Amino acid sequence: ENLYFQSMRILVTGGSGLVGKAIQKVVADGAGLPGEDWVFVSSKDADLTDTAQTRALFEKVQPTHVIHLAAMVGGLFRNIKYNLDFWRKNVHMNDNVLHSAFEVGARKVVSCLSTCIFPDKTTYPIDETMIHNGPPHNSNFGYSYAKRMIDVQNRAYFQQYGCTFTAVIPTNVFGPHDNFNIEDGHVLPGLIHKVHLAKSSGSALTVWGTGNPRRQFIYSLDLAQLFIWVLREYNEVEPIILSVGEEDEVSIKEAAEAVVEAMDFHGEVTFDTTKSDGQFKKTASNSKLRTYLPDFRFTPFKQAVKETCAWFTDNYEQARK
C-alpha cells in the first residue's frame, strides 16, 4: 500500500438524517476519491444505545475512519420536554461509538457537536476555546452536556492513547431530508411545513416566540463539504467550528420572511409571543476554519432556503413530518 495516501474504510453513523443524507449526496456526487470505502448506517443497522450491537457493527465493518453523527436531535421544544432522554441516550450512543472505534483501532474519529452547548452567560463571539466556560442554557442542558462530554472523552482517549478523536461544531443546520415535524423539529423546517399548510389551508403563518432572537444557519451541503475536508485534512483534537460568518447572523423574523418569500406565501404573518424564544443569541466565530479554508464560499442563505423549500415541496410525502 501507499504510505502517503492510504486505504479508507469510513463509517458514518446517523447517515440517514439531515447531515448524513447530505454527505451521501456530495459523496455520490463525486467528492469521494478512489481508495475510500464509505459505509453509511442508520439505527436499522444497529441501535447505538446498545453496546453489543455497536461493537458487533464495528467488528463487521472494520472502519479506519469514523464520522459520528448519530445522536438524538431536536428543536428547542423537543429538548425542553426530555432533557433526561437527551442526556442518557446521547451519552450511551457516544460512549459506545467512541469506545468501539477505540478497541477496533480506528485511526480517526470526528464526532459532531453544536453551538447550542456553549455557556449561556458568555462573551460574544463564541469560539472553540470557550466550550466549558460556564453552564449551558437550561432549555437543553441534557443534550448540551452530552455533547460537551464528547469533547471530554476525546481529550482523554487522546491524552492516554494518542487517539486522533476530534469533533466539529456546527451552528443550526437545515436542508433536504430534515425533520419537518413541526412539534419536534427546528425553526426553519418547522416554518417551511407551516408555510406549506398555511398556503394550502388559507391560514395565517404563526411564527413562534417574538421573532427577535438571532441565529447562524448552515446549509447541510455546505456543512457536508466541510465535514469531508475535516475528516481528511484536519488533524487537531481540539474541535473546529463550522459556521457561516458573524455578519451572516439573522433574526428569527428574517428567517421566517425568507421562507415566506421563497414559498410565495401571501397570507398574514403572526407571532405567538407566549411561546419560548429560547437562547436569544449564540453568535459564534469561524476565524479558525477561516485560517484553514479562507476562500470557501457558503451558499447564500436565501438561495439555500429556496432550494430547501423546493425540496420539501417536491418531496412532501417522503419527508419526515
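Think of the rigid core as the biggest set of C-alphas that the two forms share within 1.5 Å after superposition. So that there is no doubt, residue numbering starts at 1 and follows the sequence shown.
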{"query": "Stretch with greater C-alpha deviation in 4 other deposited structures of this protein, 135-143 versus 118-126 (rigid core superposition)", "finding": "135-143"}
{"query": "More shifted region, core-based fit in 4 other deposited structures of this protein, 76-84 vs 153-161 by CA", "finding": "76-84"}
{"query": "Entry-level comparison of average CA B-factors, 192-200 and 228-236, reporting the higher stretch", "finding": "228-236"}
{"query": "Of 113-121 and 146-154, the one with larger mean CA B-factor", "finding": "113-121"}
{"query": "Selection by C-alpha B-factor (highest) of 160, 96, 181, 206", "finding": "160"}
{"query": "Candidate residues 92, 132, 215, 107, the one whose C-alpha B factor the record puts highest", "finding": "107"}
{"query": "Within-chain third of residue 276 by Cα B-factor, per the entry", "finding": "lowest"}
{"query": "Position of residue 253 among the chain's modelled residues by C-alpha B-factor, lowest, middle or highest third", "finding": "middle"}
{"query": "Chain thirds of CA B-factor: placement of residue 20", "finding": "middle"}
{"query": "CA B-factor ranking of residue 308, expressed as a third of its chain", "finding": "lowest"}
{"query": "Chain-wide C-alpha B factor ranking for residue 138, given as lowest, middle or highest third", "finding": "middle"}
